[PDB]
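J.: Got an experimental structure here, sequence first:
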Amino acid sequence: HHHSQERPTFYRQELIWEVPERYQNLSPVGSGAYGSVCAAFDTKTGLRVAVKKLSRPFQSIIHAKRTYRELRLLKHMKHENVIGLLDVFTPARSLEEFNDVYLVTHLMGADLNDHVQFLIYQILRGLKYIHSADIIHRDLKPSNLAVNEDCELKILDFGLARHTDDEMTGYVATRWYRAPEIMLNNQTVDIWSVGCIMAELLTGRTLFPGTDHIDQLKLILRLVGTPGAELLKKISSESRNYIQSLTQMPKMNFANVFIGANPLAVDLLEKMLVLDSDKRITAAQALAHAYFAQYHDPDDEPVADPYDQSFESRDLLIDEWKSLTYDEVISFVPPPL
Ligand SMILES: CC(C)(C)c1cc(NC(=O)Nc2cccc(Cl)c2Cl)n(-c2ccccc2)n1
């Protein structure tokens, strides 16, 4: 139980959104099987916002756990370079009516598809924090990075679509950013994604635009070379055979792929796009790279509070996922304005 369940504030428009009256000028910006997002203006704060209506949130156990997972995640994220919950709400007046979940954050200028140094810095700073609470993103791409007027950035995950091999969001494949260990076979799988993003920011074009999985690898290997002895041993799936059988190609001079770029940037990209994930540079290491010397401050790059995700192992009924989420909705307190 919550104030709003006594305050007749909810109105209804089809776009079928029931939201408090503080939230006006709703405007669709994206949709999928898992929910919808509108921009809107909040008359209470005076600022512009986004709102996600989860779709049929307690209809299946997938949706139900997923709903709870996202809300728990966003309620924990308190970092400038990570999406933060401004509000969570439901038209429900009690648990018996609790059927829809709505989350509210800042609307940041647009998204992404010395400004590159600043953006990348911000991405890694947010990634250090995500990774420190033992969350891997898994789907970093330009459309999951929101930016404002001042090139001030926030990592997010729209999460509207079912994750599939051939997934698409606008005119971009998800596989273009996939760490090749996933595609084929640690937390640095996000770092692979970061490096492909930084390449795109420097050149204006996609680093690895594969048609399909074999094309993608050939394009990756074209850039960074075929694997050495050590990486091959660590690949546990015998069919290892396939990449070992590939004619050895030499890594390119990254300097002449990224013509004119800061030498430091090119050096950082090399340390990001290493095939062997035990040797790829981590978010915390990469912030201390000299490329960011004008932004780096280790003490203003915090890690997260311990994140209790013991729920991930639990086999719960839908209604327990629902009732666990209800508590989280009803106890949500907005961040200090
Ligand atoms: C912490 C991080 C890993 C970056 C993350 C962030 C999100 N969720 C989001 O980014 N959600 C989101 C995106 C755009 C606009 C709006 Cl209003 C929302 Cl609520 N999720 C998420 C979790 C579970 C399902 C879907 C999304 N995960």
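T.: Looks like it came in fine. Residues are numbered from 1 along each chain as shown.
J.: Taking the chain, what residue is nearest to the ligand?
T.: The minimum distance from the chain to the ligand, using C-beta to the nearest ligand atom, falls at residue 159 (2.6 Å). Heads up, the C-betas are built off the backbone N, CA and C, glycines and all.
J.: For the residue nearest to that residue when sequence neighbours are not counted, list the residues it contacts.
T.: Counting by C-beta to C-beta, 6 or more residues apart in numbering, residue 159 lies nearest to residue 34, which is 5.9 Å off, once chain neighbours are set aside. Contacts for residue 34 (C-beta atoms under 8 Å, 6 or more residues apart in numbering) come out as 54-55, 63, 66, 159-162.
J.: and those, which are buried?
T.: When burial is judged by neighbour count using 16 or more other C-beta atoms under 10 Å, the buried members of these are 54-55, 63, 66, 159-161.
J.: Provide the secondary structure category for the nearest residue to residue 108 once chain neighbours are set aside.
T.: Nearest in space to residue 108, with sequence neighbours left out and distances taken as C-beta to C-beta, 6+ apart, is residue 146 at 3.7 Å. Secondary structure of residue 146, reduced to three states by DSSP: H, G, I helix; E, B strand; the rest coil: strand.
J.: need the contact list for the spatially closest residue to residue 83 that is not a sequence neighbour.
T.: Nearest residue to residue 83, sequence neighbours excluded (C-beta to C-beta, 6+ apart): residue 156, at 4.0 Å. Shown in contact with residue 156 (C-beta under 8 Å, 6+ apart): 82-83, 105, 144-146.
J.: Does the residue of the chain closest to the ligand touch residue 71 like I think?
T.: No: with contacts defined as C-beta atoms under 8 Å, residue 159 does not count as touching residue 71, sitting 11.8 Å away.
J.: Number of residues surrounding residue 276?
T.: Neighbours of residue 276 under the rule other C-beta atoms under 10 Å: 15.
J.: part of a helix, is it?
T.: No: when three-state DSSP is applied, residue 276 is found to be coil, with no helix at that position.
J.: Now the phi/psi pair for it, please.
T.: phi -80, psi 110 (degrees, to the nearest 10).
J.: Please give me every residue in contact with it.
T.: Under the criterion of C-beta under 8 Å, 6+ apart, the neighbours of residue 276 are 227-228, 230-231, 234.
J.: So which of the contacts of residue 34 sit within strands?
T.: Secondary structure defined by DSSP state E assigns residue 54 of those to strands.
J.: would JSON lines of the contacts of residue 34 with distance to residue 183 be doable?
T.: Supplementary listing: the contacts of residue 34 in JSON lines, determined by distance: C-beta to C-beta, whole Å:
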{"residue": "54", "distance to residue 183": "29"}
{"residue": "55", "distance to residue 183": "28"}
{"residue": "63", "distance to residue 183": "27"}
{"residue": "66", "distance to residue 183": "23"}
{"residue": "159", "distance to residue 183": "20"}
{"residue": "160", "distance to residue 183": "22"}
{"residue": "161", "distance to residue 183": "18"}
{"residue": "162", "distance to residue 183": "18"}
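J.: with the contacts of residue 34 in mind, which one is nearest to residue 265?
T.: Nearest to residue 265, judged by C-beta to C-beta, of these is residue 159 at 30.5 Å.
J.: how close does the closest one sit to residue 167?
T.: Between residue 159 and residue 167 the computed distance is 12 Å (C-beta to C-beta, to the nearest Å).
J.: What of residue 200?
T.: When C-beta to C-beta is the yardstick, residue 200 and residue 167 sit 18 Å from each other.
J.: neighbour-wise, which of those two wins?
T.: In this view residue 200 and residue 167 are compared by other C-beta under 10 Å, and residue 200 has more residues nearby, 21 against 15.
J.: helix or strand for that one, which one?
T.: Applying DSSP states H and E as the criterion places residue 200 in helix 189-203.
J.: next one: residue 319
T.: For residue 319, the secondary-structure element it belongs to, assigned by DSSP H and E, is helix 318-330.
J.: contacting residues around that helix?
T.: Residues contacting helix 318-330 (C-beta under 8 Å, 6+ apart): 1-2, 57-58, 60-61, 64-65, 67-68, 71-72, 75, 88-90, 95, 98, 101, 311, 316.
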